[PDB]
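Here the structure is laid out as structure tokens; the discussion comes afterwards.
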2 protein chains.
Amino acid sequence: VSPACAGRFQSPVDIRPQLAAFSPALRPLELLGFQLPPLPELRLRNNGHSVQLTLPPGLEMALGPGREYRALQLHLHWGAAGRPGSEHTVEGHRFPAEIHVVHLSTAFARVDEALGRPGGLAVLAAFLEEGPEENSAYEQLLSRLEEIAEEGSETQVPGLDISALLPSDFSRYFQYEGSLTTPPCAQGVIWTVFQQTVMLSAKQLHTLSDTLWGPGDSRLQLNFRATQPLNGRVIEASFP
Amino acid sequence: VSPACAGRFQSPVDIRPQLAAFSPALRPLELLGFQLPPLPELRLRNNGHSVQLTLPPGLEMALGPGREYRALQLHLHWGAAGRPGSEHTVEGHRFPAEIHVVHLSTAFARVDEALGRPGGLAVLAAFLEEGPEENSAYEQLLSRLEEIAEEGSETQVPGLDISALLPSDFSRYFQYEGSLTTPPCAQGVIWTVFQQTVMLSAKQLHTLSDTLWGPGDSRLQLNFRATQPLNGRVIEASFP
Ligand SMILES: *CCS(=O)(=O)c1c(F)c(F)c(S(N)(=O)=O)c(F)c1N[C@H]1CC/C=C/CCCCCCC1
Ligand SMILES: *CCS(=O)(=O)c1c(F)c(F)c(S(N)(=O)=O)c(F)c1N[C@H]1CC/C=C\CCCCCCC1
Ligand SMILES: [Zn+2]
Ligand SMILES: [Zn+2]
């Protein structure tokens, strides 16, 4: 086991908005370069614990003036038939699924220099819920999961608008300091959890939860870590 | 000439409390191990642009949960005969002088790794003003300046309570991210500026501004940088 998985300031956490602190210094997130051309293609991989999409160079995210990041990859967390699988919770509610987009501070050339360093890594997190319509951005990934059902498999996909996998509201979010939710669980990670959720169809949510296989001959499902105590940290909110 | 000195997020800045963002997540500063015994003695030095006191290991400081620092050094910025020389200003007001205690993040083993990295270095800053009483804490430093009037000269001084040099209420400060105010003007420095001031007698302030010599045969005076634009940065405050 990696010892940082036992740190005091771990993720995910249960967001209790009434205890969140309004902080008007938290401005709208800004993204640049997220609208990709179809070529070159990206690699979508079933890594045994999630489905990840590796992102190319040139995707820039800023948490505010002088707080600049480059996107590395995104992956998903989900549950199973009639069971939610988001990592973060709100007032103890778990949502069907969750997208994470992991970024590296521009002060660091590599992930290993950033790990455990304050603000070295930043993750954008949005909850996924059921809506009435097929989400066409998600469909480009979801329609390829069958190709990568086996653990350790991967496939190429056309570039797409990565910002279309996220909510349109970039103004309203919680932010706190926490950890990777997978070994080595390094601290210093800045988590931004959007208020607005993204909508997938029931069929889409069922494809995500029901298509991939993990270690052993088990279905890759319920791939979320248990909620961690805040242990005195204060979640901030960009809105009162 | 250090082109970093023309970066976008430099220090110092003009503080405008009405435009500061209050965040209740900014808790009282924690400063442990600052009460130094008389021995060992500390190196106090005139380096030509300020007077510096090197600090030993063991001075621990936190800006928040798991955001910890170790104090390296303190130095001062001052004016001249009836001219103020603080670096930060408040609504255009320049104070007689300012003390800076520079710290290294415990997430970085070396200063040279911390330079340019967000939160790698953190400085505590306090304004010094004129009051009627002589300040015991500052007298320990000021009474020793005549011995190091010459550029490059140094002397050993007894250990003292460094925290006694700082204002009364550790609950009440401004905070923003900026730069060193001297070459190399590295960015990613977290500045914390106490709201309340510290008082020295007119004699002490004169002793500070009038005893040290700089490059050539000029007086070491007005050792402060002009204020820099915020460029969209919002100064935070720890009180409504
Ligand atoms: C186990 C690999 S993973 O799927 O891609 C993964 C993950 F489950 C996960 F939960 C997180 S989290 N929730 O955002 O903390 C990830 F960050 C993640 N992948 C990262 C890899 C783990 C850190 C080691 C760094 C080496 C690889 C560089 C990419 C960083 C993404
Ligand atoms: C010119 C050296 S100094 O006198 O001691 C000095 C200084 F003027 C100054 F304005 C700053 S500031 N206001 O805090 O930006 C300093 F930090 C300062 N410090 C010297 C040593 C500080 C220890 C680690 C920082 C390393 C940066 C390299 C410059 C050396 C500055
Ligand atoms: Zn994740
Ligand atoms: Zn200084």
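Just remember, in the structure tokens the first chain shown is A, the second B, etc., residues are 1-based per chain, and ligands are 1-based in the order shown.
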>> So that I can check the surroundings of residue 187 in chain A, please list as a VMD selection string every protein, DNA and RNA residue that reaches within 10 Å of it, counting only C-alpha atoms and ignoring chain neighbours fewer than 2 positions away.
In response: (chain A and resid 4 to 5 7 to 11 115 to 121 177 to 181 184 to 185 189 to 190) or (chain B and resid 66)
Write out, as a compact mmCIF listing (two decimals), in the first residue's frame, the residues just selected, with N, CA, C and O atoms.
```txt
# COMPACT_ATOMS: atom_id res chain seq x y z
N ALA A 4 0.63 7.64 1.31
CA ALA A 4 -0.18 8.82 1.08
C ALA A 4 -1.67 8.46 0.99
O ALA A 4 -2.50 9.35 1.23
N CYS A 5 -2.02 7.17 0.77
CA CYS A 5 -3.42 6.74 0.79
C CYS A 5 -4.00 6.78 2.20
O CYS A 5 -5.18 6.53 2.41
N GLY A 7 -3.08 9.65 4.18
CA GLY A 7 -2.98 11.05 4.58
C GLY A 7 -4.29 11.56 5.19
O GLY A 7 -5.32 10.90 5.12
N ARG A 8 -4.20 12.73 5.84
CA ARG A 8 -5.32 13.36 6.53
C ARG A 8 -6.23 14.12 5.56
O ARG A 8 -7.37 14.43 5.91
N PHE A 9 -5.74 14.45 4.35
CA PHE A 9 -6.45 15.34 3.44
C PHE A 9 -6.68 14.65 2.10
O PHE A 9 -6.10 15.06 1.09
N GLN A 10 -7.58 13.67 2.11
CA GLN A 10 -7.81 12.77 1.00
C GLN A 10 -9.11 13.15 0.29
O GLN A 10 -9.91 13.93 0.82
N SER A 11 -9.25 12.64 -0.95
CA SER A 11 -10.45 12.80 -1.75
C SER A 11 -11.00 11.41 -2.04
O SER A 11 -10.28 10.44 -1.89
N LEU A 115 3.60 15.82 -7.99
CA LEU A 115 2.91 14.96 -7.04
C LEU A 115 3.24 15.41 -5.63
O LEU A 115 4.41 15.65 -5.34
N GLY A 116 2.22 15.53 -4.76
CA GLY A 116 2.43 16.02 -3.41
C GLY A 116 2.79 17.51 -3.33
O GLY A 116 2.90 18.04 -2.22
N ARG A 117 2.99 18.22 -4.45
CA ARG A 117 3.35 19.64 -4.36
C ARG A 117 2.06 20.48 -4.40
O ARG A 117 1.15 20.17 -5.16
N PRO A 118 1.95 21.59 -3.65
CA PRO A 118 0.67 22.31 -3.51
C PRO A 118 0.26 22.91 -4.85
O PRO A 118 1.05 23.59 -5.51
N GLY A 119 -0.94 22.53 -5.31
CA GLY A 119 -1.45 23.03 -6.59
C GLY A 119 -0.74 22.44 -7.81
O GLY A 119 -0.96 22.88 -8.95
N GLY A 120 0.10 21.42 -7.59
CA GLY A 120 0.80 20.80 -8.71
C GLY A 120 -0.14 20.19 -9.74
O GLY A 120 0.14 20.24 -10.95
N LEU A 121 -1.18 19.51 -9.23
CA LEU A 121 -2.20 18.88 -10.05
C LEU A 121 -3.54 19.49 -9.71
O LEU A 121 -3.78 19.84 -8.56
N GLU A 177 -8.96 21.37 -1.45
CA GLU A 177 -7.67 20.73 -1.61
C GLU A 177 -7.73 19.33 -1.03
O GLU A 177 -8.15 19.15 0.10
N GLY A 178 -7.20 18.37 -1.81
CA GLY A 178 -7.36 16.96 -1.56
C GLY A 178 -6.28 16.15 -2.29
O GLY A 178 -5.16 16.62 -2.46
N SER A 179 -6.64 14.94 -2.70
CA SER A 179 -5.65 13.93 -3.11
C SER A 179 -6.10 13.28 -4.41
O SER A 179 -7.25 13.43 -4.79
N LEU A 180 -5.19 12.52 -5.05
CA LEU A 180 -5.59 11.51 -6.02
C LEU A 180 -6.41 10.46 -5.29
O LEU A 180 -6.23 10.30 -4.08
N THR A 181 -7.38 9.83 -6.00
CA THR A 181 -8.30 8.90 -5.37
C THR A 181 -7.88 7.48 -5.75
O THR A 181 -8.63 6.54 -5.55
N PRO A 184 -0.77 6.74 -6.21
CA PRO A 184 -0.38 6.94 -4.80
C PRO A 184 -1.13 7.90 -3.87
O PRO A 184 -0.66 8.21 -2.79
N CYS A 185 -2.34 8.32 -4.24
CA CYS A 185 -3.17 9.17 -3.39
C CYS A 185 -2.44 10.43 -2.89
O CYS A 185 -2.65 10.85 -1.74
N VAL A 189 -3.70 18.17 -4.37
CA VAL A 189 -4.51 18.25 -5.59
C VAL A 189 -5.64 19.27 -5.38
O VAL A 189 -6.41 19.17 -4.45
N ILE A 190 -5.80 20.21 -6.31
CA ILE A 190 -6.92 21.14 -6.26
C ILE A 190 -8.09 20.55 -7.04
O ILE A 190 -8.01 20.39 -8.26
N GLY B 66 -2.44 21.23 5.97
CA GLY B 66 -1.44 20.65 5.09
C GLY B 66 -0.76 21.66 4.15
O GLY B 66 -0.16 21.24 3.17
```
>> Only residues of chain B matter here; which ones have an atom within 6 Å of chain A, counting only C-alpha atoms? Give them as a ChimeraX atom specification.
In response: /B:21,23-25,107,117,233-234
Using only C-alpha atoms, determine which residues lie at most 12 Å from residue 157 in chain B, disregarding the query and same-chain residues fewer than 6 positions distant; provide the list as an mmCIF file with N, CA and C atoms, in the first residue's frame.
```
data_model
loop_
_atom_site.group_PDB
_atom_site.id
_atom_site.type_symbol
_atom_site.label_atom_id
_atom_site.label_comp_id
_atom_site.auth_asym_id
_atom_site.auth_seq_id
_atom_site.Cartn_x
_atom_site.Cartn_y
_atom_site.Cartn_z
ATOM 1 N N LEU B 36 12.883 31.549 19.927
ATOM 2 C CA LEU B 36 14.236 31.003 19.867
ATOM 3 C C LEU B 36 14.973 31.254 21.188
ATOM 4 N N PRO B 37 15.875 30.348 21.643
ATOM 5 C CA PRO B 37 16.620 30.586 22.878
ATOM 6 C C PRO B 37 17.790 31.503 22.541
ATOM 7 N N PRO B 38 18.413 32.158 23.550
ATOM 8 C CA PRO B 38 19.582 33.015 23.312
ATOM 9 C C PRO B 38 20.711 32.397 22.489
ATOM 10 N N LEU B 39 20.871 31.068 22.574
ATOM 11 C CA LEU B 39 21.915 30.349 21.854
ATOM 12 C C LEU B 39 21.279 29.152 21.150
ATOM 13 N N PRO B 40 21.686 28.801 19.902
ATOM 14 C CA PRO B 40 22.766 29.498 19.195
ATOM 15 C C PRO B 40 22.423 30.909 18.739
ATOM 16 N N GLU B 41 23.473 31.678 18.418
ATOM 17 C CA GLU B 41 23.329 33.020 17.886
ATOM 18 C C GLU B 41 22.993 32.930 16.392
ATOM 19 N N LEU B 42 22.505 34.046 15.846
ATOM 20 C CA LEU B 42 22.024 34.112 14.473
ATOM 21 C C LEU B 42 22.874 35.113 13.702
ATOM 22 N N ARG B 43 23.057 34.846 12.417
ATOM 23 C CA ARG B 43 23.772 35.757 11.543
ATOM 24 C C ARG B 43 22.845 36.886 11.080
ATOM 25 N N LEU B 44 23.220 38.139 11.407
ATOM 26 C CA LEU B 44 22.605 39.368 10.921
ATOM 27 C C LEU B 44 23.572 40.059 9.973
ATOM 28 N N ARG B 45 23.117 40.413 8.768
ATOM 29 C CA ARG B 45 24.039 40.819 7.723
ATOM 30 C C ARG B 45 23.465 41.977 6.922
ATOM 31 N N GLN B 52 19.535 41.399 6.729
ATOM 32 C CA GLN B 52 18.925 40.076 6.785
ATOM 33 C C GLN B 52 19.364 39.312 8.034
ATOM 34 N N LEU B 53 18.390 38.625 8.634
ATOM 35 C CA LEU B 53 18.618 37.680 9.707
ATOM 36 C C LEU B 53 18.311 36.289 9.191
ATOM 37 N N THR B 54 19.335 35.438 9.120
ATOM 38 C CA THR B 54 19.175 34.027 8.822
ATOM 39 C C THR B 54 18.529 33.346 10.017
ATOM 40 N N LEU B 55 17.578 32.457 9.739
ATOM 41 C CA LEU B 55 16.840 31.806 10.798
ATOM 42 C C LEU B 55 17.200 30.337 10.807
ATOM 43 N N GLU B 139 14.288 46.455 19.117
ATOM 44 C CA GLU B 139 15.518 47.044 19.658
ATOM 45 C C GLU B 139 16.682 46.048 19.566
ATOM 46 N N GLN B 140 16.405 44.756 19.797
ATOM 47 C CA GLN B 140 17.388 43.696 19.673
ATOM 48 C C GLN B 140 18.074 43.672 18.311
ATOM 49 N N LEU B 141 17.381 44.108 17.252
ATOM 50 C CA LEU B 141 17.977 44.123 15.935
ATOM 51 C C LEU B 141 18.594 45.482 15.654
ATOM 52 N N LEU B 142 17.877 46.528 16.037
ATOM 53 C CA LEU B 142 18.258 47.878 15.644
ATOM 54 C C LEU B 142 19.525 48.293 16.394
ATOM 55 N N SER B 143 19.620 47.886 17.672
ATOM 56 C CA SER B 143 20.753 48.224 18.524
ATOM 57 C C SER B 143 22.050 47.613 17.998
ATOM 58 N N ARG B 144 21.953 46.723 16.998
ATOM 59 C CA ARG B 144 23.090 45.966 16.503
ATOM 60 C C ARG B 144 23.483 46.383 15.090
ATOM 61 N N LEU B 145 22.819 47.409 14.534
ATOM 62 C CA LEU B 145 22.993 47.777 13.135
ATOM 63 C C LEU B 145 24.305 48.533 12.948
ATOM 64 N N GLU B 147 27.142 48.090 14.158
ATOM 65 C CA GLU B 147 28.179 47.098 13.920
ATOM 66 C C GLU B 147 28.238 46.577 12.486
ATOM 67 N N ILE B 148 27.210 46.808 11.657
ATOM 68 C CA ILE B 148 27.236 46.258 10.309
ATOM 69 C C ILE B 148 26.908 47.352 9.306
#
```
>> Would you compute the distance between CA of residue 124 in chain B and CA of residue 100 in chain B? Give it in Å to one decimal.
In response: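 Between CA of residue 124 in chain B and CA of residue 100 in chain B the gap works out to 5.6 Å.
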>> Can you pull out the residues contacting residue 32 in chain B? Cut-off 12 Å, using only C-alpha atoms, and skip same-chain residues under 6 positions away; I want them as an NGL selection string.
In response: :B and (57-62 or 68-71 or 161-163)
Grab the residues selected above and save them as a short mmCIF file (atom, residue, chain, number, x, y, z; two decimals), in the first residue's frame with C-alpha atoms.
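Written output follows (out25.cif):
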```
data_model
loop_
_atom_site.label_atom_id
_atom_site.label_comp_id
_atom_site.auth_asym_id
_atom_site.auth_seq_id
_atom_site.Cartn_x
_atom_site.Cartn_y
_atom_site.Cartn_z
CA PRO B 57 15.54 25.07 11.36
CA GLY B 58 12.39 24.49 13.42
CA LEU B 59 10.31 27.58 12.64
CA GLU B 60 7.12 25.94 11.36
CA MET B 61 4.29 27.95 9.77
CA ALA B 62 0.97 26.98 8.18
CA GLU B 68 3.09 24.09 5.79
CA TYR B 69 6.31 26.12 5.58
CA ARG B 70 9.67 26.57 7.30
CA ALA B 71 11.09 30.06 7.88
CA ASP B 161 11.24 35.51 19.63
CA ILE B 162 10.83 36.22 15.91
CA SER B 163 7.04 36.13 16.32
#
```
Could you go through range 1-232 of chain B and tell me which residues DSSP, when run on the backbone, assigns to strand (DSSP E), listing them as a short mmCIF file (atom, residue, chain, number, x, y, z; two decimals) with N, CA and C atoms, in the first residue's frame?
```cif
data_model
loop_
_atom_site.label_atom_id
_atom_site.label_comp_id
_atom_site.auth_asym_id
_atom_site.auth_seq_id
_atom_site.Cartn_x
_atom_site.Cartn_y
_atom_site.Cartn_z
N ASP B 14 -0.70 47.53 -4.55
CA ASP B 14 -1.54 48.36 -3.70
C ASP B 14 -2.73 47.55 -3.20
N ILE B 15 -2.91 47.49 -1.88
CA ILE B 15 -4.02 46.79 -1.23
C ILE B 15 -5.19 47.77 -1.03
N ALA B 21 -11.46 40.11 -1.55
CA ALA B 21 -12.45 39.05 -1.39
C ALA B 21 -12.33 38.38 -0.02
N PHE B 22 -13.36 38.49 0.82
CA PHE B 22 -13.42 37.77 2.08
C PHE B 22 -13.64 36.28 1.82
N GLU B 30 -0.67 29.84 11.72
CA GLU B 30 -0.06 29.06 12.79
C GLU B 30 1.45 29.16 12.67
N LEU B 31 2.10 29.68 13.73
CA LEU B 31 3.54 29.89 13.80
C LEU B 31 4.08 29.22 15.07
N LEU B 32 4.75 28.08 14.89
CA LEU B 32 5.27 27.25 15.97
C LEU B 32 6.78 27.22 15.87
N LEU B 42 22.51 34.05 15.85
CA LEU B 42 22.02 34.11 14.47
C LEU B 42 22.87 35.11 13.70
N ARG B 43 23.06 34.85 12.42
CA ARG B 43 23.77 35.76 11.54
C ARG B 43 22.85 36.89 11.08
N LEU B 44 23.22 38.14 11.41
CA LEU B 44 22.60 39.37 10.92
C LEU B 44 23.57 40.06 9.97
N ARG B 45 23.12 40.41 8.77
CA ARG B 45 24.04 40.82 7.72
C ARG B 45 23.47 41.98 6.92
N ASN B 46 24.37 42.87 6.51
CA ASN B 46 24.06 43.95 5.58
C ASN B 46 24.53 43.50 4.21
N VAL B 51 19.01 44.61 5.49
CA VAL B 51 19.56 43.85 6.61
C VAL B 51 18.80 42.52 6.71
N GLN B 52 19.53 41.40 6.73
CA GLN B 52 18.93 40.08 6.78
C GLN B 52 19.36 39.31 8.03
N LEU B 53 18.39 38.62 8.63
CA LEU B 53 18.62 37.68 9.71
C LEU B 53 18.31 36.29 9.19
N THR B 54 19.33 35.44 9.12
CA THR B 54 19.17 34.03 8.82
C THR B 54 18.53 33.35 10.02
N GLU B 60 8.17 26.48 12.19
CA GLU B 60 7.12 25.94 11.36
C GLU B 60 5.96 26.94 11.26
N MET B 61 5.37 27.01 10.06
CA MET B 61 4.29 27.95 9.77
C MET B 61 3.28 27.27 8.84
N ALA B 62 1.99 27.49 9.08
CA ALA B 62 0.97 26.98 8.18
C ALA B 62 0.02 28.10 7.74
N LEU B 63 -0.28 28.12 6.43
CA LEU B 63 -1.30 28.97 5.83
C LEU B 63 -2.65 28.24 5.79
N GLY B 64 -2.63 26.93 5.97
CA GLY B 64 -3.88 26.20 6.06
C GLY B 64 -3.60 24.72 6.25
N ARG B 67 -0.84 22.97 4.41
CA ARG B 67 -0.05 23.92 3.65
C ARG B 67 0.98 24.50 4.60
N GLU B 68 2.09 23.76 4.78
CA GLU B 68 3.09 24.09 5.79
C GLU B 68 4.39 24.59 5.17
N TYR B 69 5.13 25.36 5.98
CA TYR B 69 6.31 26.12 5.58
C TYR B 69 7.35 26.11 6.72
N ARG B 70 8.59 26.41 6.35
CA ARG B 70 9.67 26.57 7.30
C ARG B 70 10.26 27.94 7.02
N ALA B 71 10.50 28.74 8.06
CA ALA B 71 11.09 30.06 7.88
C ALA B 71 12.58 29.94 7.56
N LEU B 72 13.05 30.67 6.54
CA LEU B 72 14.44 30.72 6.13
C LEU B 72 15.15 31.93 6.71
N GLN B 73 14.51 33.11 6.66
CA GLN B 73 15.18 34.40 6.73
C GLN B 73 14.14 35.49 6.98
N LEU B 74 14.57 36.63 7.51
CA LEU B 74 13.75 37.84 7.53
C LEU B 74 14.62 39.02 7.14
N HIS B 75 14.00 40.03 6.54
CA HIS B 75 14.68 41.24 6.11
C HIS B 75 13.66 42.37 6.19
N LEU B 76 14.09 43.60 5.92
CA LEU B 76 13.25 44.77 6.12
C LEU B 76 13.40 45.72 4.94
N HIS B 77 12.39 46.58 4.78
CA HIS B 77 12.33 47.55 3.71
C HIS B 77 11.98 48.85 4.41
N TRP B 78 12.67 49.94 4.05
CA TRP B 78 12.55 51.19 4.79
C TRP B 78 12.87 52.38 3.90
N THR B 89 1.50 49.01 -0.31
CA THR B 89 0.76 50.17 0.13
C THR B 89 -0.70 49.77 0.44
N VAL B 90 -1.42 50.63 1.18
CA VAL B 90 -2.83 50.41 1.48
C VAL B 90 -3.57 51.67 1.02
N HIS B 93 -1.45 54.63 0.59
CA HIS B 93 -0.62 54.99 1.73
C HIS B 93 0.60 54.07 1.82
N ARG B 94 1.79 54.66 1.89
CA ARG B 94 3.03 53.95 2.13
C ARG B 94 3.41 54.07 3.60
N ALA B 97 7.91 51.44 7.20
CA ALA B 97 8.75 50.30 6.85
C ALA B 97 7.93 49.01 6.80
N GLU B 98 8.58 47.91 6.38
CA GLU B 98 7.90 46.62 6.29
C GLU B 98 8.89 45.51 6.59
N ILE B 99 8.43 44.48 7.30
CA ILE B 99 9.25 43.32 7.58
C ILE B 99 8.73 42.15 6.76
N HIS B 100 9.66 41.38 6.21
CA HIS B 100 9.37 40.18 5.45
C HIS B 100 10.07 38.98 6.07
N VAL B 101 9.27 37.96 6.39
CA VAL B 101 9.76 36.67 6.78
C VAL B 101 9.48 35.65 5.66
N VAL B 102 10.54 35.17 5.01
CA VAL B 102 10.45 34.32 3.84
C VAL B 102 10.51 32.86 4.28
N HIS B 103 9.63 32.06 3.72
CA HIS B 103 9.55 30.65 4.08
C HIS B 103 9.57 29.75 2.85
N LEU B 104 9.97 28.48 3.07
CA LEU B 104 10.01 27.41 2.09
C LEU B 104 8.92 26.39 2.42
N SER B 105 8.12 26.02 1.42
CA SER B 105 7.17 24.94 1.52
C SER B 105 7.87 23.66 1.94
N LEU B 121 7.41 29.21 -2.28
CA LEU B 121 7.77 30.20 -1.27
C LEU B 121 6.54 30.95 -0.76
N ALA B 122 6.59 31.32 0.53
CA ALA B 122 5.57 32.13 1.17
C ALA B 122 6.27 33.15 2.05
N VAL B 123 5.80 34.40 1.95
CA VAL B 123 6.29 35.48 2.78
C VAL B 123 5.19 36.03 3.69
N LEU B 124 5.54 36.21 4.99
CA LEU B 124 4.74 37.01 5.92
C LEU B 124 5.28 38.44 5.94
N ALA B 125 4.37 39.41 5.74
CA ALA B 125 4.67 40.82 5.64
C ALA B 125 3.84 41.59 6.66
N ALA B 126 4.49 42.53 7.36
CA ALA B 126 3.83 43.40 8.33
C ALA B 126 4.34 44.81 8.13
N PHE B 127 3.45 45.79 8.25
CA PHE B 127 3.82 47.20 8.18
C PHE B 127 4.38 47.63 9.52
N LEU B 128 5.43 48.45 9.50
CA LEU B 128 5.93 49.08 10.70
C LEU B 128 5.57 50.56 10.63
N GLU B 129 4.95 51.08 11.71
CA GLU B 129 4.58 52.49 11.84
C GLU B 129 5.25 53.11 13.07
N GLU B 130 5.11 54.45 13.17
CA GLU B 130 5.53 55.20 14.35
C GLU B 130 4.49 55.16 15.47
N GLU B 154 28.81 41.63 8.66
CA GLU B 154 27.86 40.82 9.40
C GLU B 154 28.27 40.74 10.87
N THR B 155 27.41 40.13 11.69
CA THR B 155 27.64 39.99 13.11
C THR B 155 26.69 38.90 13.61
N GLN B 156 27.03 38.26 14.75
CA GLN B 156 26.18 37.27 15.39
C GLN B 156 25.31 38.02 16.40
N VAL B 157 24.02 37.62 16.51
CA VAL B 157 23.11 38.20 17.49
C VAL B 157 22.47 37.06 18.26
N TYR B 173 -5.62 39.13 7.94
CA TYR B 173 -4.61 39.36 6.92
C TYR B 173 -5.26 39.40 5.53
N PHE B 174 -4.49 39.96 4.59
CA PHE B 174 -4.67 39.83 3.16
C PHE B 174 -3.73 38.77 2.60
N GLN B 175 -4.11 38.17 1.48
CA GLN B 175 -3.30 37.15 0.84
C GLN B 175 -3.48 37.21 -0.68
N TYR B 176 -2.37 37.13 -1.40
CA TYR B 176 -2.42 37.02 -2.85
C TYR B 176 -1.14 36.32 -3.29
N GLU B 177 -1.12 35.99 -4.57
CA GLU B 177 0.02 35.36 -5.19
C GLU B 177 0.72 36.35 -6.12
N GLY B 178 2.04 36.44 -5.93
CA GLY B 178 2.89 37.39 -6.61
C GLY B 178 4.32 36.85 -6.75
N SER B 179 5.29 37.78 -6.64
CA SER B 179 6.67 37.52 -6.96
C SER B 179 7.58 37.95 -5.81
N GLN B 187 7.90 34.24 -9.77
CA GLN B 187 6.46 34.18 -9.48
C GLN B 187 6.12 32.94 -8.65
N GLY B 188 4.83 32.82 -8.27
CA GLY B 188 4.34 31.72 -7.47
C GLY B 188 4.58 31.91 -5.96
N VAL B 189 4.97 33.13 -5.52
CA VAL B 189 5.12 33.47 -4.11
C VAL B 189 3.75 33.85 -3.51
N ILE B 190 3.36 33.16 -2.44
CA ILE B 190 2.21 33.54 -1.64
C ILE B 190 2.61 34.59 -0.60
N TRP B 191 2.11 35.81 -0.83
CA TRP B 191 2.19 36.91 0.09
C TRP B 191 0.99 36.94 1.04
N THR B 192 1.30 37.02 2.34
CA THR B 192 0.34 37.30 3.39
C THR B 192 0.73 38.59 4.09
N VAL B 193 -0.19 39.58 4.07
CA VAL B 193 0.05 40.89 4.65
C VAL B 193 -0.91 41.09 5.81
N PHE B 194 -0.36 41.14 7.03
CA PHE B 194 -1.16 41.38 8.20
C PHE B 194 -1.96 42.66 8.02
N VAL B 198 2.63 47.16 13.38
CA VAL B 198 3.53 47.07 14.50
C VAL B 198 4.17 48.46 14.65
N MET B 199 4.41 48.88 15.90
CA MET B 199 4.85 50.25 16.17
C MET B 199 6.30 50.27 16.66
N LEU B 200 7.08 51.20 16.10
CA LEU B 200 8.41 51.54 16.57
C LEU B 200 8.45 53.05 16.83
#
```
